[PDB]
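For reference, the chain that follows is the form deposited in one PDB entry, supplied as structure tokens.
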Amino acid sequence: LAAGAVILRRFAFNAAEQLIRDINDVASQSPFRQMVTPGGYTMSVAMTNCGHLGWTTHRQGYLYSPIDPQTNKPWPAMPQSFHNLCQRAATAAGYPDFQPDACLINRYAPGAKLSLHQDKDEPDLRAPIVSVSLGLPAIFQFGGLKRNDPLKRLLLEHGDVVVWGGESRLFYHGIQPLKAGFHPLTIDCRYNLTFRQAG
């Protein structure tokens, strides 16, 4: 059970093929790279962005930047398929006003994980985050306000869209090591799109 979170399973099933074609298109301008945390450690999850702003690691910490620090060019524009799905998802969740300007694209190879963290780099915490899962299934784990808070698990499969609004927006969360397997559309990985209001 989650407060403020609206889970729309298999919502992105029909849009899925075009989203993957558009992830590949975004990836040809801003390649997938495994970002280095401020402490000097490379993340197992490969990331890239699209939209006006993009989430990235820096020496001083985490920030949103209109420039890709690797290519030194701006991030690719948010694809229309991305805009359309997020809009329909947010409207179905009770957020018709949500206008994202950043989309963090995560690629999970077999065994890739994402340790517990909070999404607190956005200016307005009242605004939700629309998450779209594609490819192989992954176990999403969420806690509470603190670190040693009781963890709950959720499987996020292909096409699943979760809108993290209300209280769930500030919860500690992460992804457990991706189980090896096969998916017809992504072959051996999982993709996750997190639409954010970063400006």
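The numbering used is simple: start at 1 and walk along the sequence shown. Superpose the two forms; the largest set of C-alphas matching within 1.5 Å is the rigid core.
Per-stretch averaging of Cα B factors for 67 to 75 and 118 to 126 places 118 to 126 on top. Taking the PDB entry as given, 138 to 146 carries the higher mean Cα B factor of the two stretches 158 to 166 and 138 to 146. The PDB entry gives the largest Cα B-factor of the residues 173, 33, 58, 52 to 58. When the modelled residues of the chain are ordered by their C-alpha B factor, residue 151 lands in the highest third. Per-chain ranking of the deposited C-alpha B factor places residue 82 in the middle third.
Keep in mind the form deposited in another entry is missing from the figure; the text below concerns it.
When the rigid core is held fixed, the Cα atom of residue 28 travels less than 2 angstroms between the shown form and the other one.
The two forms, fitted on the rigid core, differ between the shown form and the other one by 2 Å or more at the CA of residue 144. Once the rigid core is used as the reference frame, the Cα position of residue 58 differs between the shown form and the other one by 2 Å or more.
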